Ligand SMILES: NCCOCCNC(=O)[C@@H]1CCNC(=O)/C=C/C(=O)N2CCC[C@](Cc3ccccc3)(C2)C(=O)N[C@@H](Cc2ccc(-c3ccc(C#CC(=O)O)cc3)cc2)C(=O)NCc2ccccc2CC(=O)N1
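So this first bit is one chain, no partners, the form solved without this ligand, shown in C-alpha cells.
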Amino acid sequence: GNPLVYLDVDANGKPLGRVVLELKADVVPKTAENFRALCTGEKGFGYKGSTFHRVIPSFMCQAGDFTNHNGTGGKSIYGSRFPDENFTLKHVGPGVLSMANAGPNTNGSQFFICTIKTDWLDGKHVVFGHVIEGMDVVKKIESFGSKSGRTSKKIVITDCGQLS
C-alpha cells in the first residue's frame, strides 16, 4: 500500500513527538517517492537534521530546505527540481501535506503541512499526503510561528524515516 513515513520534531532542543504521514503514491507516485526517500535519507541526503523555517499560525508549517535552511534551497532525488505531477488531490483541511514551490514545475524538497483548508492553493501546489498521527505536534509547531513566518523557537526534524 501507500507509504507511511515519520518526522520526529524538536523545539528548542526538546522533543515534541512524532508526525506520521501517509504518502498518496497511488495518485502522485513520483512526488510520494521523492518525499519517502528524503525521509529515509537513502540517497545520501534528506530531511534529517533540517528545520521548519517558515510557520504561519492559522495557515501552514513549512519545512524541507535541507541545503539553505531558509526557503531558497532543497533538491529532489531526481535533480534540483521536478514537474508538477498533477493537482488531483485538494487542500481540503488541516493535516494536508503539499509541495512548496516557486511557480509551476519547481518542486524540490520543500513541503508544508496545512493547519486549515487552503483552497486557493488548489491547482498551484501538488498535494501528496496527509497527517495520520501527530496533529498535536503540528499544532505545537504552528504555535511557534508568526504572521511573517519567522519561528519563535528552533524547530528541528531530528529523525525521520519510513514505517511501511
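Residue indices: 1-based, along the sequence shown.
Form deposited with this ligand bound: not shown, discussed below.
Ligand-site obstruction classification: this ligand, superposed in the deposited bound form, backbone or C-beta within 2.4 Å:
The site is blocked here, because this ligand, transferred from its pose in the deposited bound form, has 3 or more atoms within 2.4 Å of backbone or C-beta atoms.
is_contact(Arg54, this ligand) in the deposited bound form, heavy atom dist at most 4.5 Å:
Yes, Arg54 lies within 4.5 Å of this ligand in the deposited bound form.
Residue-level question: is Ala37 within 4.5 Å of this ligand in the deposited bound form, judged on heavy atoms?
Flag for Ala37 set to no.
Consider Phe112 of the chain shown here, and say whether it contacts this ligand in the deposited bound form, taking contact as heavy atoms within 4.5 Å.
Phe112: yes, in contact with this ligand in the deposited bound form.
Quick check on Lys30: any heavy atom within 4.5 Å of this ligand in the deposited bound form?
No.
Using a 4.5 Å cut-off on heavy atoms, which residues of 104 to 121 contact this ligand in the deposited bound form?
Sequence-ordered list: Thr106, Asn107, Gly108, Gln110, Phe112, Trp120, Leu121.
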